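This report refers to the structure that appears directly beneath it.
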Amino acid sequence: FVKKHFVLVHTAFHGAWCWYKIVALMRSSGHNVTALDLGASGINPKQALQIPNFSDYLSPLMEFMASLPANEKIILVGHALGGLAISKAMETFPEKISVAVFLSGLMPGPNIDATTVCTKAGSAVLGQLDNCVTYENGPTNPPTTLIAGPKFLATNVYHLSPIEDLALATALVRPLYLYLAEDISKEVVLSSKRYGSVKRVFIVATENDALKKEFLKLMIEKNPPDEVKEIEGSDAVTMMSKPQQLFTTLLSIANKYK
Amino acid sequence: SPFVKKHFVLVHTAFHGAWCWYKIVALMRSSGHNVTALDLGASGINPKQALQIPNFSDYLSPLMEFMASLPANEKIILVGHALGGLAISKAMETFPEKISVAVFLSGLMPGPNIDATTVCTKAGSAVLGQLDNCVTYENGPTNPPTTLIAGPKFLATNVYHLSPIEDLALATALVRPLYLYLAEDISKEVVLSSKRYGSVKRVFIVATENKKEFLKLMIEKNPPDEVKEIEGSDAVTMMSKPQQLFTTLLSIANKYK
Ligand SMILES: CCCCC(=O)CC(=O)O
Ligand SMILES: CCCCC(=O)CC(=O)O
C-alpha cells in the first residue's frame with residue numbers, strides 16, 4: 242500500500258460535486274484526493290461573464306498546482322473538456338504529475354491542436370435538444386455562453402446514470418463561456434520536452450455513440466498516449482454511471498505508475 | 540385516498556442549496572408529482588456571494604419571487620428544512636392562500652407569539668463555535684462576525700453522521716458560508732400573525748437522532764396541526780432517510796388536501 246494524491250478536473254457545466262462518488266471511495270480507502278471547481282463552476286464565486294479568458298477558467302487548477310508542496314507528486318485526472326485544463330497543467334508543472342489520466346478527455350497535441358478538438362467537441366453539444374446560448378457580446382456576434390438543458394442532460398449525458406444524479410446535475414450545472422478558438426490555441430501550448438515528458442493514460446469510456454468513439458480514437462491516433470484503458474457501460478459521466486469501475490481503474494493506474 | 544397531482548416546493552437550510560434534495564426530487568418526479576427545489580441567496584448555484592446580501596430579505600428573495608410568479612389558482616406543499624423554516628414562515632405570511640400545507644422538517648418554527656429572535660439565538664448556539672466551525676470578520680473587530688463557515692468535521696459528526704459517506708463528500712464540495720444575519724433584521728423580516736401565517740396548515744416532522752429538547756419546545760409555544768416522526772434520521776433527513784421522507788411527504792400531502 243502507498244498513499245496517493247488524486248486530483249480531479251471536471252468537464253463543461255460541472256464542478257467538484259460530480260466526483261462525489263469517487264471522492265468518497267478514495268477517502269475511505271486512505272488516499273488523498275482534491276476535487277477542484279474551475280472558473281464559474283460548482284461553488285466557484287466567479288460568474289461566467291466575468292471569465293471571458295480561458296486562463297481565468299483554468300485558474301483554480303493552475304493556482305492549486307502552483308501551491309503544491311515540494312517532494313509531492315499527484316495523479317491528475319481530467320474528464321472530457323477537463324482534458325484541456327490538465328494538458329496546460331502538464332506543460333507548466335511536469336515535475337509535479339506522476340501520471341495524467343484522460344477520462345474520455347479532450348487530449349490535444351502537436352499533430353492535433355486544441356482548436357481542432359474543441360470545434361468538434363462543441364458540435365455534438367451546440368444546438369442539441371434544449372441547450373441554449375446567450376448573446377451579451379451582441380446579437381450579431383458569436384454566442385457568449387452555453388447552458389445545458391435538462392433534456393439534453395437526461396438523454397445525451399446521464400442516459401445511463403441513476404435518476405437521482407440527473408436530478409443532482411439539474412440543480413448544479415452552470416453556464417459555460419464560449420471561449421474563442423484563437424484564445425484557446427494561444428493558451429494551450431504544448432512542447433515535447435515538458436507536456437511530452439509526463440506519463441499519460443487514456444480511458445475510453447463511451448457507449449451507444451459511434452461518432453464520439455471515433456473522435457476519441459482519432460485523438461489517441463494523432464497524439465499517442467503511454468497506455469489506453471477502457472471502461473464499458475459508461476455514459477458521458479463515468480463518475481456517475483460506472484464509479485466503482487472508475488475508482489478501480491484509477492487505483493490501478495496510480496499503483497503501477499508510481 | 541385518490542392520487543391527485545401536487546406541486547412540492549422544497550426549501551433548504553444553512554450552508555446548503557437545492558442540491559441537498561436530489562434524492563427527494565428524483566423520487567417525486569418518478570411518482571408523477573411536481574417538485575421545485577430552490578437555492579436561497581448565496582446558496583448552491585445562486586449568483587450572490589454571502590457578503591453581498593447582509594439583509595435577510597435578500598436571502599429569502601428567491602423563494603418570495605417564486606411564490607409571487609406562481610399562477611393564479613395553484614396551491615403548493617411547502618417544505619422548510621431547519622433554517623428553511625424561517626423562509627417558509629415568511630412565505631406563509633405573505634402568500635397564505637398559495638400554500639395548501641406547510642411542512643417543517645426539523646425546521647425553525649416561530650409563531651405570532653414565540654419571536655424569531657429567540658429561535659435564532661438557540662439555533663446559533665448549537666452551530667456557532669461547534670467543532671471546526673469558524674467565523675470571519677470582514678467588517679473588522681469592532682463589529683459582529685460577518686459569515687459562518689461549516690467545517691468538514693462538524694458536517695461529519697453533527698449533520699451527516701447517519702448518511703451514506705458519498706453524501707458527506709457531496710456536501711464538503713458544495714456547502715457555502717452563511718451571512719450571520721442580525722436578530723434585529725430577522726425579527727423585522729419575519730413578522731408572523733394568527734390571521735395569515737396562522738391560517739395555513741402546519742405539520743412538523745421530528746428527526747429523532749438529529750436538539751431533541753429544543754425541537755420539542757417549539758411545538759409547545761407554536762402548536763402545529765400535527766407532529767410526525769422519522770426514526771434514525773440525522774440532521775439531513777433527505778440524505779439519511781430519503782424514502783421515509785418521500786412517503787411521509789406523500790402521506791402529508793393527502794391528509795391536508
Ligand atoms: C465546448 C463544449 C464542451 C464539450 C464536451 O466535452 C461536452 C461535455 O463534456 O459535456
Ligand atoms: C444560525 C443558523 C443555525 C440554523 C441551523 O440549524 C443550520 C443547520 O441546519 O445546521
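Here the protein sequences come in this chain order: A and B.
Start counting the first sequence at 242; every next residue gets the next number (this note's numbering).
Start counting the second sequence at 540; every next residue gets the next number (this note's numbering).
Cβ coordinates follow ideal geometry from the N, Cα and C atoms, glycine included.
Judged by DSSP secondary structure, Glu471 (chain A) falls within the beta strand (DSSP E) whose first and last residues are 468-471.
Contact residues of ligand 2 (beta-carbon closer than 5 Å to any heavy atom; chain order) are B:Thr552, B:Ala553, B:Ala621, B:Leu622, B:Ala662, B:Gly663, B:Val666. Taking 9 Å as the cut-off, the Cβ atoms of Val445 (chain A) and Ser345 (chain A) count as close.
Considered as a whole, the segment 348-387 of chain A harbours no complete run of any beta strand (DSSP E) with no fewer than 3 residues. Using a 10 angstroms sphere on the CB of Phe242 (chain A), the tally of other CB atoms stays under 16, which defines it as exposed. Here the distance from the Cβ of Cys659 (chain B) to the nearest heavy atom of ligand 1 is not below 8 Å. Closest in alpha carbon position to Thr657 (chain B), among B:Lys760, B:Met778, B:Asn585, is B:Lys760.
Residues of the same chain with a CB within less than 8 Å of the CB of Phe305 (chain A), apart from the 5 flanking positions on each side, are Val248, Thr275, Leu277 in chain order. Secondary structure of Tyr718 (chain B) (DSSP, three-state): strand. Within chain A, no C-beta atom comes nearer than 9 Å to that of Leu717 (chain B); the closest sits roughly 13 Å away. According to the DSSP assignment, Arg441 (chain A) belongs to no alpha helix (DSSP H) but to the beta strand (DSSP E) extending over 441-445.
A contact between stretches requires three or more CB pairs, one per stretch, nearer than 8 Å, and the segment 709-728 of chain B meets this requirement with the segment 684-695 of chain B. When the Cα atoms are used, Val340 (chain A) and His555 (chain B) turn out to be separated by approximately 35 Å. Neighbours of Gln288 (chain A) in chain B, taken as residues whose beta carbon is under 8 Å from its own, are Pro586 in chain order.
In terms of beta-carbon proximity, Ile494 (chain A) stays away from the interface with chain B, with every pair separated by 9 Å or more. By the neighbour-count criterion, in which 16 or more other beta carbons inside 10 Å mark a residue as buried, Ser733 (chain B) falls on the exposed side. Within the same chain, Cβ atoms closer than 7 Å to the Cβ of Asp654 (chain B) are found at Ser726, the five residues on either side in sequence being excluded. Close partners of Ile461 (chain A) in chain B (Cβ separation under 8 Å) are lacking, with about 31 Å as the shortest Cβ gap. Around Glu405 (chain A), the beta-carbon contacts reaching into chain B at under 7 Å are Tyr561, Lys562, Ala565. A straight line joining the alpha-carbon of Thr333 (chain A) with that of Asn672 (chain B) spans about 36 Å. The contact set of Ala576 (chain B) on chain A, defined by CB atoms closer than 8 Å, consists of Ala412 in chain order. Runs of the beta strand (DSSP E) lying entirely within the segment 254-331 of chain A, each at least 3 residues long, are 273-277, 315-320 in chain order. By the criterion of at least three beta-carbon pairs nearer than 8 Å, the segment 467-477 of chain A is in contact with the segment 434-454 of chain A. By DSSP's assignment, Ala341 (chain A) forms a beta bridge with A:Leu317, A:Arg441.
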